[PDB]
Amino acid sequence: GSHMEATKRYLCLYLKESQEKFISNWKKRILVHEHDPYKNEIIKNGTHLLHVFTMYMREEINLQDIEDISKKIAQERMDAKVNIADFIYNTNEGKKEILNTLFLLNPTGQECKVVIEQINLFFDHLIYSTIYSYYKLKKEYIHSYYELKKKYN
């Protein structure tokens, strides 16, 4: 055969066709608290982000197109009153699994460079954007609902 470049295409194909398995495996690794009121939104958001990821890899959306979902996640995490570091952990478990899948395609060093650099841009921006949004929302929350104790003013 001709063996024409297909690493990105094959990654996206696997993540679409094996989605159930992928999400099931991710479920086994994430940090979720029993009393989190958005407990089941974590799975929904992760499923959606898997689709968004494949769209980004296929050059259909830009990094700015994940900023809305990043803000949505930040709001939900803030309302949940869970350590926002859980989100980083859970995102990283997802990325680790995407990379595990990439390496099963036996990419060359060059194919690694090109595909991994793009995977990195996506997850770096997801995490950056979500924490950025969380910070701003928390700042507004403190200003809205709290006041300094007299002892400190």
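Start at 1 with the first residue shown and count on from there.
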Taking the deposited Cα B-factors and averaging over 6-14 and over 139-147, the higher mean is found in 6-14
Comparing 65-73 with 121-129, which stretch shows the greater average C-alpha B-factor in the deposited entry?
65-73
CA B-factor ranking of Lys113, expressed as a third of its chain:
middle
Modelled-residue ranking by C-alpha temperature factor, third containing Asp86
lowest
Which third, lowest, middle or highest, does the C-alpha temperature factor of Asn92 belong to within its own chain?
lowest
Comparing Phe53 with the other modelled residues of its chain, is its CA B-factor in the lowest, middle or highest third?
lowest
Considering every modelled residue of the chain and its Cα B-factor in the PDB entry, is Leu104 in the lowest, middle or highest third?
highest
